[PDB]
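Worksheet: the structure to be examined is printed underneath.
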Amino acid sequence: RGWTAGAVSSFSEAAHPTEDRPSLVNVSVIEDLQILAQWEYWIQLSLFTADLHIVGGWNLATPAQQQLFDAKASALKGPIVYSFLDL
Amino acid sequence: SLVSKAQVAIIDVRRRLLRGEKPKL
Amino acid sequence: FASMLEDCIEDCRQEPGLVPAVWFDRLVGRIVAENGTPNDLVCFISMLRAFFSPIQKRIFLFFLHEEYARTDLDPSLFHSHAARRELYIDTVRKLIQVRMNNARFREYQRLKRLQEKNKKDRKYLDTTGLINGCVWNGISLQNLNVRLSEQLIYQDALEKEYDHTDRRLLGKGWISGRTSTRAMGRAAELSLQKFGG
Amino acid sequence: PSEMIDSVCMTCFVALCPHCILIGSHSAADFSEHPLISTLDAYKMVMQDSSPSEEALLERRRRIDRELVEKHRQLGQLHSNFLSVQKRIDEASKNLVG
Amino acid sequence: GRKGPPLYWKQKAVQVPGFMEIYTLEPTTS
Amino acid sequence: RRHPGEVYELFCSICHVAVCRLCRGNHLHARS
Amino acid sequence: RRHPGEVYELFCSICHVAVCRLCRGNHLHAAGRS
Amino acid sequence: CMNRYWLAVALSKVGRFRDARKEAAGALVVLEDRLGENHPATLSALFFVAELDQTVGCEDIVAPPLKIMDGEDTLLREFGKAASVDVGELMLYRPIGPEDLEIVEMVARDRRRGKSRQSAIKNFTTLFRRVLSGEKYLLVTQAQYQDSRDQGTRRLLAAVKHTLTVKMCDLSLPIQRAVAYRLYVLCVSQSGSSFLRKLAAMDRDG
Amino acid sequence: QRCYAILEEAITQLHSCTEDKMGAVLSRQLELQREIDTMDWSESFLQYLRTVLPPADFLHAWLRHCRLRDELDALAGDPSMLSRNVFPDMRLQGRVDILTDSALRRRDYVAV
Amino acid sequence: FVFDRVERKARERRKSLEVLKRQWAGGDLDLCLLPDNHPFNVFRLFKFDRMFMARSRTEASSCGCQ
Amino acid sequence: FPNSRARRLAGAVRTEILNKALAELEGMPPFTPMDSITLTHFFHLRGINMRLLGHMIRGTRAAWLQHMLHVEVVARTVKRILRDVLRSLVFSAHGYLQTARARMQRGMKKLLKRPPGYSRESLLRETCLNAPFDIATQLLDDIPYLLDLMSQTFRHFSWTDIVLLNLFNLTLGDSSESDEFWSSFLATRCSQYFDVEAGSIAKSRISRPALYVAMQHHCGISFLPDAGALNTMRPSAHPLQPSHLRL
Amino acid sequence: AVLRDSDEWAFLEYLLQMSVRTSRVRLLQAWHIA
Amino acid sequence: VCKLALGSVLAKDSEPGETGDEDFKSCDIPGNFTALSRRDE
């Protein structure tokens, strides 16, 4: 298909009607320094450590998917919390 | 108008470099 | 005041004549100095409901503050209704526009078939559910609003086949709190007010 | 790199250099919605905790704490009403069986 | 045979004319 | 009590009740 | 300068004079918006 | 005289209300003396003199001065709304409070607006009486005539709505407090006995 | 036995009406109690960075922290409203009578 | 005029439909609308009811008449 | 019409004969009525009318029999919600006999304008049926039914099948719209049909598979999966798909 | 009905509060039935 | 980083006497709510 490359949605109801899954993940590269920095201060906050510094990142979600999840959260009348889990 | 059109091309280039969009090898 | 209903035009009348200023003087007289009729309460309520400004009604309610020491139920109940009607009129508008664009696509199939066969042949408050709201009325139809609004994002780019936060690439910036609903963060606005121009 | 930070945008909370305002992030049509200062002044407001973000922090302290006071009274009134009707049950049991 | 522009496609579903099978395509990309 | 915030200041002496700074306007005898 | 000392806060559009707090509800063009 | 009436129309529309009330008063006097009382010219001028007496007596009660235009002084920001600017919206979400009552007692007890409300009441009652008196009898001349009745009853409804806006907005605060408490005992009665529910909603038969 | 069946049916109605009434308010109270403690926790890390970082690291960390506050502003929402217009409005009504069959005879003589 | 495949499976649908219709059920049936002035209105109760006569349109046993 | 003693045959069938049939049924006789049809022939033979499910709930102490009747009252309420939605959508277009709500709506000319396959009112069928607009939109919905209609290249369906499955998934599923259905529509419709007030009916205290077989018989539609099949699936927003129907 | 804050209203309010022996009872209305 | 849409919350808040998260694992979330919370200190 010539339908761009991952910039629209997932259609959570329309694509997985029988399965309860978030979405299929993407790969990308985080080389923007301001996004890489804000993720570093997040992990620094969560660990009480002024020694941790980020080496890289990989956004496994399209920015359109992040907006769809934000609107679904406000539809649920609930906020969004970041959970920093080990793999 | 050429400067305005050149920004439309160049910004579109920068947006593709943020995704990564590796050139045709 | 004009249409009303039967029984001496609804708001209780008297001797013929009796200009409406002294008639209203009678109407406030029956309510306070009580010798009134069952439709006399509907007089002062129906007149107050259409004639005062929202501020004047709020002062009228505030004379009761011995009971109900709390305030601002009126802006809270106005904001729930304003959110509900604004959510309702958008969701119907997205639903109708989804259904015209999809049936426009079926007509688009039909027109390319009729040229294909031809070519081969040639060859003010209004409480409804916003009060006591705990059954989660928002989740049902705001979910439809989000799905239908971006459904039009798909459908628009089907027609064309036929950057609001991270704008520093353009050279603008990344204003904090620039989510799609809002235009200026709280700390960013209060920096514009006192700490600069 | 190799140009030093002399300016901190206060509506964006980002650090810029003179080359970083002409070629970089704050380069297009801006100002009068993008205030910038010297970083010496910006360091003075962190230590004296009087930045616009520090007293927007304090506004958010007052708003959430006042709403906690109203919600705690709402738990008290709902709990009082629940055991109010429960007392009406207990009196109905002592009366109907009586 | 699933390739090409998504307006027209071809009728494979039992009553879906073909332009709703883009409404089921999750954007697989790497 | 008919409005919170500020304290009483004077006295009425016809209907015996405490009078505040905003209260004499609705007092018909306003002097005593 | 006609009600002393209460500071202007907004502008009247039809007549070129600014509006104070006391005169906002009874301005010259107090009642797209003025 | 027609020049003086429309000049008061331009002066009321631009905003200066006192000199337009004076200018329309002189026009109303000379038009009443010469050219009768039931002319639509006389009725329009006297409705106009009453209308400014409404506007100069009710602009302060409908829209009190208050302390708006300052975020933490009209909620809004407390509900997450990012400012409104328009005064018609700032009035709408302004909460009433214990500190606003200096202004509330100021406006209700302001003499200049009170006796302009009373002079409004006198002028709309004479307007209502003249429209009703002129509508009792037709005009019989030698011409084909239209209804000429939908404008007569429109000025009667104008001289009924505008009378009740002035007379109700001009209510003393002890009277408005007694009416509000009467609506309170009506409201609190609904969770009560059958006799209490009917008697608080009047029903003074038994 | 039919006493306690009616009385527990009122108890089940009471516990179900309280569960979804208190559910809207307790969810909001824990939402704001988490909200105070998360941002107070965030200030504890900045106070640590005040005493540990050199002035160059702390200015960058402060720019990081202001965006951290504003991102917590965005990821909190503002529902309000429905969690504010729920009221303590619960009351018990009913008419239960123990009647003899001849008492039911007299009730029908008065009634239809 | 919709796709050829779905035309031939709609044609297949109406093809399999009379196979269900006949054999064990009667071999299709003719209906009379029987308008609402007939003296069968005693069998009718409500004024918006619709009555339908049913003739077997088969060899039957010459009984039919439902 | 009740003469003078028909109010006594009514006044005993709801108070004493009802409490007698309940008293037999809480003692657990050998082979207590198992499905819905044995339960209905139980009460019918005893003489108690089935539309007194509210009184039979209020007269029982055992938490078992509370659940058995909670299966029954929800099954018949979803039966009537199935019936009146089908009726209000068929007789709604323009002509001859049509529903009362279809005649009443004189609006919608204030939104659609003439600048066609659209018969105007055909675009907003969500208002003709007798439900609030928030419940109604998922009753006529097709977005979670794309994958199945993609795959079937033989079996046709109808729109009646779609509004069926919208109703079954809004009652049985882990959907948030399914939670909405039980809190504002299914609970309130039980109160005005079988006198079972909205507090007692909850989605948590009902068994998902037994309520499903109760809809198999009351609604008049049979599905390929059984009661045990729904238990052995992962929870899902719309777990029941068009291919799960037979006839 | 006895008017608000009248002479008979204060007599009924004081007589009520004295019999209940508390200050938290307040008269809402005092309809005449005679 | 799991960006999670935390819905309506219940402080389960395991009582003193708990041996672990067995109450925070096996309990069914009530149909009113969509989330659970626990202070682990």
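Ligands are numbered from 1 in the order shown, residues from 1 within each chain, and chains are lettered A, B, ... in the order they appear in the structure tokens.
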
Give me, as a ChimeraX atom specification, the residues of chain H touching chain D, with the criterion being at most 12 Å (counting only C-alpha atoms).
/H:71-72,75,77-80

Counting only C-alpha atoms, which residues from chain K have an atom at most 8 Å from any atom of chain C, and could you show them as an NGL selection string?
:K and (123-124 or 134-135 or 137 or 176-177 or 180 or 183-184)

Write out as a ChimeraX atom specification each polymer residue whose atoms come within 12 Å of residue 8 in chain D, counting only C-alpha atoms; drop sequence neighbours fewer than 3 positions from it.
/D:4-5,11-18,20-21,26,34-43 /I:59-60,62-63

Selection to disk with N, CA, C and O atoms, as an mmCIF file, in the first residue's frame:
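Writing done, so here's selection_35.cif:
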```
data_model
loop_
_atom_site.group_PDB
_atom_site.id
_atom_site.type_symbol
_atom_site.label_atom_id
_atom_site.label_comp_id
_atom_site.auth_asym_id
_atom_site.auth_seq_id
_atom_site.Cartn_x
_atom_site.Cartn_y
_atom_site.Cartn_z
ATOM 1 N N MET D 4 28.321 29.113 24.056
ATOM 2 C CA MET D 4 27.879 28.943 25.431
ATOM 3 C C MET D 4 26.455 29.450 25.623
ATOM 4 O O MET D 4 25.976 30.320 24.891
ATOM 5 N N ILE D 5 25.779 28.888 26.624
ATOM 6 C CA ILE D 5 24.419 29.295 26.956
ATOM 7 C C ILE D 5 24.461 30.658 27.632
ATOM 8 O O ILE D 5 25.022 30.810 28.721
ATOM 9 N N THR D 11 9.227 30.977 28.906
ATOM 10 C CA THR D 11 7.974 30.341 28.529
ATOM 11 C C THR D 11 8.177 28.938 27.972
ATOM 12 O O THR D 11 7.196 28.207 27.803
ATOM 13 N N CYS D 12 9.422 28.546 27.688
ATOM 14 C CA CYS D 12 9.728 27.215 27.188
ATOM 15 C C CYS D 12 10.613 26.396 28.110
ATOM 16 O O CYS D 12 10.649 25.170 27.958
ATOM 17 N N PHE D 13 11.322 27.033 29.046
ATOM 18 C CA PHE D 13 12.240 26.382 29.983
ATOM 19 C C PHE D 13 13.318 25.591 29.236
ATOM 20 O O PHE D 13 13.608 24.432 29.537
ATOM 21 N N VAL D 14 13.909 26.254 28.239
ATOM 22 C CA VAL D 14 14.942 25.666 27.399
ATOM 23 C C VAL D 14 16.116 26.639 27.338
ATOM 24 O O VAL D 14 15.954 27.854 27.478
ATOM 25 N N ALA D 15 17.318 26.089 27.173
ATOM 26 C CA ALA D 15 18.551 26.866 27.159
ATOM 27 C C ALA D 15 19.027 27.070 25.725
ATOM 28 O O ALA D 15 19.119 26.108 24.956
ATOM 29 N N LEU D 16 19.336 28.321 25.374
ATOM 30 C CA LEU D 16 19.701 28.705 24.013
ATOM 31 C C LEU D 16 21.015 29.482 24.022
ATOM 32 O O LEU D 16 21.431 30.027 25.049
ATOM 33 N N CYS D 17 21.668 29.537 22.864
ATOM 34 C CA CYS D 17 22.883 30.317 22.683
ATOM 35 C C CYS D 17 22.572 31.317 21.579
ATOM 36 O O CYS D 17 21.513 31.225 20.948
ATOM 37 N N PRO D 18 23.447 32.313 21.345
ATOM 38 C CA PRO D 18 23.210 33.220 20.204
ATOM 39 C C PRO D 18 23.113 32.535 18.848
ATOM 40 O O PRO D 18 22.301 32.952 18.016
ATOM 41 N N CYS D 20 22.083 29.501 18.585
ATOM 42 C CA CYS D 20 20.951 28.618 18.797
ATOM 43 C C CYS D 20 19.627 29.366 18.731
ATOM 44 O O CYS D 20 18.569 28.729 18.782
ATOM 45 N N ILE D 21 19.668 30.700 18.626
ATOM 46 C CA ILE D 21 18.475 31.507 18.394
ATOM 47 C C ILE D 21 18.375 31.982 16.950
ATOM 48 O O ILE D 21 17.314 32.481 16.541
ATOM 49 N N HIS D 26 14.740 28.551 18.443
ATOM 50 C CA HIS D 26 13.957 29.786 18.518
ATOM 51 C C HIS D 26 14.358 30.757 17.405
ATOM 52 O O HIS D 26 14.738 31.899 17.646
ATOM 53 N N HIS D 34 7.770 34.746 23.524
ATOM 54 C CA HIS D 34 8.931 33.962 23.945
ATOM 55 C C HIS D 34 9.887 34.883 24.693
ATOM 56 O O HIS D 34 10.819 35.439 24.098
ATOM 57 N N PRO D 35 9.670 35.095 25.989
ATOM 58 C CA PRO D 35 10.614 35.908 26.760
ATOM 59 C C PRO D 35 11.917 35.166 26.996
ATOM 60 O O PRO D 35 11.936 33.962 27.266
ATOM 61 N N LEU D 36 13.021 35.899 26.884
ATOM 62 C CA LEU D 36 14.336 35.364 27.213
ATOM 63 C C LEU D 36 15.072 36.345 28.109
ATOM 64 O O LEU D 36 14.866 37.557 28.013
ATOM 65 N N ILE D 37 15.927 35.808 28.976
ATOM 66 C CA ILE D 37 16.725 36.576 29.916
ATOM 67 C C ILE D 37 18.153 36.046 29.888
ATOM 68 O O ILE D 37 18.490 35.157 29.113
ATOM 69 N N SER D 38 18.991 36.609 30.749
ATOM 70 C CA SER D 38 20.305 36.050 31.011
ATOM 71 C C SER D 38 20.185 34.908 32.015
ATOM 72 O O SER D 38 19.267 34.867 32.836
ATOM 73 N N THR D 39 21.131 33.971 31.939
ATOM 74 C CA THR D 39 21.078 32.814 32.824
ATOM 75 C C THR D 39 21.498 33.151 34.245
ATOM 76 O O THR D 39 21.206 32.375 35.160
ATOM 77 N N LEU D 40 22.189 34.275 34.448
ATOM 78 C CA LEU D 40 22.499 34.714 35.804
ATOM 79 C C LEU D 40 21.227 35.086 36.552
ATOM 80 O O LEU D 40 21.055 34.733 37.725
ATOM 81 N N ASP D 41 20.313 35.791 35.877
ATOM 82 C CA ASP D 41 19.028 36.121 36.481
ATOM 83 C C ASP D 41 18.204 34.860 36.706
ATOM 84 O O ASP D 41 17.529 34.739 37.733
ATOM 85 N N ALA D 42 18.278 33.902 35.778
ATOM 86 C CA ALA D 42 17.513 32.666 35.912
ATOM 87 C C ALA D 42 17.991 31.844 37.099
ATOM 88 O O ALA D 42 17.188 31.188 37.771
ATOM 89 N N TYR D 43 19.296 31.860 37.368
ATOM 90 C CA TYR D 43 19.824 31.149 38.526
ATOM 91 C C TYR D 43 19.405 31.816 39.829
ATOM 92 O O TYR D 43 19.319 31.154 40.870
ATOM 93 N N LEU I 59 21.176 24.116 37.134
ATOM 94 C CA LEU I 59 20.375 24.945 36.238
ATOM 95 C C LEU I 59 19.739 24.111 35.136
ATOM 96 O O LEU I 59 18.575 24.329 34.781
ATOM 97 N N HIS I 60 20.491 23.160 34.578
ATOM 98 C CA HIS I 60 19.914 22.249 33.596
ATOM 99 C C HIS I 60 18.842 21.376 34.230
ATOM 100 O O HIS I 60 17.793 21.135 33.625
ATOM 101 N N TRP I 62 16.983 22.213 36.714
ATOM 102 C CA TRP I 62 15.816 23.034 37.016
ATOM 103 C C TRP I 62 14.958 23.249 35.779
ATOM 104 O O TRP I 62 13.725 23.281 35.871
ATOM 105 N N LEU I 63 15.594 23.419 34.617
ATOM 106 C CA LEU I 63 14.856 23.515 33.363
ATOM 107 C C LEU I 63 14.133 22.209 33.066
ATOM 108 O O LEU I 63 13.038 22.198 32.497
#
```

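Here the DSSP assignment of helix (DSSP H, G or I), based on backbone atoms, applies within range 10-65 of chain A to residues 12, 13, 14, 15, 33, 34, 35, 36, 37, 38, 39, 40, 41, 42, 43, 44, 45, 46, 47, 63, 64 and 65 of chain A.
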
Which residues, written as an NGL selection string, have at least one atom at most 7 Å from range 33-37 of chain J, with only C-alpha atoms counted and residues fewer than 3 positions away on the same chain left out?
:J and (51-53)

Show which residues sit within 12 Å of residue 26 in chain F, as a PyMOL selection string. Count only C-alpha atoms, and ignore same-chain residues fewer than 3 positions away.
(chain F and resi 2+12+19-23+29-30) or (chain H and resi 105-106+108-109+172-175+177)

Go ahead and write the residues just picked, C-alpha atoms, as a PDB file, in the first residue's frame.
```pdb
ATOM      1  CA  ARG F   2     -27.331  37.654  57.298  1.00  0.00           C
ATOM      2  CA  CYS F  12     -30.743  49.028  66.680  1.00  0.00           C
ATOM      3  CA  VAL F  19     -26.325  46.156  63.647  1.00  0.00           C
ATOM      4  CA  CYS F  20     -23.339  45.865  61.326  1.00  0.00           C
ATOM      5  CA  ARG F  21     -21.875  48.464  58.965  1.00  0.00           C
ATOM      6  CA  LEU F  22     -24.043  47.273  56.050  1.00  0.00           C
ATOM      7  CA  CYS F  23     -27.181  46.769  58.163  1.00  0.00           C
ATOM      8  CA  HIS F  29     -35.078  54.311  60.970  1.00  0.00           C
ATOM      9  CA  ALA F  30     -31.746  55.318  59.431  1.00  0.00           C
TER      10      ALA F  30
ATOM     11  CA  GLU H 105     -26.062  46.599  48.913  1.00  0.00           C
ATOM     12  CA  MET H 106     -24.582  49.558  47.002  1.00  0.00           C
ATOM     13  CA  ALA H 108     -29.874  47.987  45.321  1.00  0.00           C
ATOM     14  CA  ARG H 109     -29.828  51.073  47.569  1.00  0.00           C
ATOM     15  CA  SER H 172     -36.413  45.609  47.943  1.00  0.00           C
ATOM     16  CA  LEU H 173     -33.926  43.175  49.447  1.00  0.00           C
ATOM     17  CA  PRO H 174     -36.154  42.262  52.462  1.00  0.00           C
ATOM     18  CA  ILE H 175     -38.935  41.424  49.990  1.00  0.00           C
ATOM     19  CA  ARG H 177     -35.347  37.528  50.893  1.00  0.00           C
TER      20      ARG H 177
END
```

Do a neighbour search on residue 191 in chain K at 10 Å with only C-alpha atoms, toss out local chain neighbours closer than 6 positions, and write the hits as a PyMOL selection string.
chain K and resi 54+73+77+197-201

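Coordinates place CA of residue 69 in chain C at a distance of 26.4 Å from CA of residue 168 in chain H.
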